[PDB]
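See structure below.
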Amino acid sequence: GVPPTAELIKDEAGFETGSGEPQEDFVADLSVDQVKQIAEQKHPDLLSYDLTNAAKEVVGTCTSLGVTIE
Amino acid sequence: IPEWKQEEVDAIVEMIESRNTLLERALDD
Amino acid sequence: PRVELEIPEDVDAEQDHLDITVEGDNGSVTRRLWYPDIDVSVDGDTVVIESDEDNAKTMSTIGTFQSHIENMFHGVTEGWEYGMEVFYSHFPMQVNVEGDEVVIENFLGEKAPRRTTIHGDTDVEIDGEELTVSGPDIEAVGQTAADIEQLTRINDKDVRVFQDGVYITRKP
RNA sequence: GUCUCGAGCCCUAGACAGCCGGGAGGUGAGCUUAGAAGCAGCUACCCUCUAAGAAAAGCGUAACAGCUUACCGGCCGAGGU
Ligand SMILES: [Mg+2]
């Protein structure tokens, strides 16, 4: 039921299109608290037991786009 | 004796306290 | 080298000279297993294939003799069976078992019937568009099935377009 | 084709082959695009579950789907490469 991960990032980022080269061309940005919220949403989608690992999963598409974290 | 096999036997013996051959190995311990 | 084959309880295996006869509930099969310095004997309840020579050539045949004997065991008990399907596009092919040979009529529209003789005590059972070749001797069954498929061999035209024929569908 | 001799690596903590089962999630990665979801192209190629399982090696689809490869487990059992 819950929409794809790539989209949930583009909302709180303010950017739509990614980059011609991931990590080499930083586009969007995030923060720890921002990622903590997206981790609360997906439960059946993710296989992780802890919320710690739930964040790790979300933070897999991020950096490979240009989503730097602070 | 490959290192990954010795290191695996350990991880198995660890979960017992708290490949079928590696399980039997951990049991014998 | 020496390899011992324990004969199944359903089976009986007598042997004279270079010939080996294997009898079972499904029938009997006799074969000649002749090769330099390879002795094949029946020691009570086991068949023994042995030789003093261990060279590549000898070992090759020893392995062949083993598989041959094991197949006879299977044949006289469980039996050998090949399944076939008759396919045709424009011309309805009339496959029939006339006497001791399978006959194919009107193949690809031909006026003259194509036929092949069935090997040994091999039985060919036909059920509409399906055929089932069976028997105790895998040698006879294997060939009989093959013969049937080969019977519709076509060399003059593009097989990709002219696909009519009986084909081996299931192998044991 | 076959005979002989040497060297390296693997192997009963189960090798080589074969057969069976698994080959999973975030997600059909992002860019490109009407679309492209392992596999037209460009960049990247990151982390969960776990005993394994690639941001996919090979076919396959208009794209999907579909079939196997990697990798893991089992059966087998002795040498193998
Ligand atoms: Mg021509």
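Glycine also receives a Cβ, built like all others from the backbone with ideal geometry; neighbour counts cover every protein chain displayed. Quick note: the coordinates plus some simple rules give every number you see, no bench work behind them.
Estimated from the Cβ-Cβ distance and a Förster radius of 30 angstrom, the FRET efficiency linking residue A:32 and residue B:15 is about 0.40.
In order along the range A:18-24, the Karplus-derived 3J(HN,Hα) couplings, from 6.51 cos²θ - 1.76 cosθ + 1.60 at θ = phi - 60°, round to x, 8, x, 7, x, 6, 7 Hz, and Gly and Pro are given as x. Near residue C:152, the amide H atoms lying under 5 Å from its own belong to C:166; only residues 5 or more places off or on other chains count, and H is placed 1.01 Å from N.
About its Cα centre, how strong a charge dipole does the range C:80-172 have in debye, to the nearest 20, once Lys and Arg get +1 and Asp and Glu get -1 at the Cβ? Spell out each step's value before the answer.
Working: 8 positive and 20 negative charges, 100 e Å.
So the dipole magnitude of the range C:80-172 works out to roughly 480 debye.
Between the residues B:26, C:21, C:71, the greatest Cα displacement towards the positive end of the dipole of the protein assembly as shown, with unit charges on the Cβ of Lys, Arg, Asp and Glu, is found for C:71. Separation of chain B and the range C:101-172, taken as the distance between their Cα centroids, equals 58 angstrom.
Sorted ascending by nearby beta carbons within 10 Å, beginning with the fewest, A:8, C:131 become A:8, C:131.
At an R0 of 25 angstrom, the distance between the Cβ atoms of residue C:160 and residue C:100 translates into a FRET efficiency of 0.15. How many percent of DSSP beta bridges within the protein assembly as shown run antiparallel, rounded to 5? So the antiparallel bridges in the protein assembly as shown amount to around 95 percent. Taking the longest Cα principal axis of chain C as reference, the axis of helix C:138-150 is set at about 20 degrees. Sparsely packed loop sites in the range C:63-160 (the trypsin sites (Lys or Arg not before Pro) outside DSSP H, G, I, E and B with at most 14 other Cβ atoms within 10 Å) comprise C:111, C:153, C:157, C:160. Its residues counted as N, the protein assembly as shown yields a C-alpha radius of gyration over 2.2 N^0.38 Å of 1.87. Summarising the label geometry, the points placed 7 Å from Cα in the beta-carbon direction at residue A:42 and residue C:50 lie 6.9 nm from one another. Please determine, in degrees from 0 to 90 and to the nearest 10, the orientation of helix C:56-77 with respect to the longest principal axis defined by the Cα atoms of chain C, where the helix direction is its Cα long axis. Compared with the principal axis, the helix lies near 70 degrees. Tell me the angle of helix A:32-41 to the major Cα principal axis of chain A, expressed in degrees between 0 and 90 and rounded to the nearest ten. The answer is roughly 50 degrees.
Under the combined filter of DSSP loop state and at most 14 neighbouring Cβ atoms within 10 Å, the range C:1-85 retains these GluC sites (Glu not before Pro): C:9, C:53. For the range C:1-90, just say rounded, prolate or oblate: build the C-alpha gyration tensor, square-root its eigenvalues into a ≥ b ≥ c, call rounded for a/c under 1.5, and beyond that prolate if a/b exceeds b/c, oblate if not. Here the range C:1-90 falls in the oblate category. Between residue C:102 and C:116, C:118, the built amide H atoms are under 5 Å apart, and every one of these is 5 or more places off in sequence or on another chain.
Taking other Cβ atoms within 10 Å as a rough exposure proxy, C:88, A:49, C:82 sort from fewest to most as A:49, C:88, C:82.
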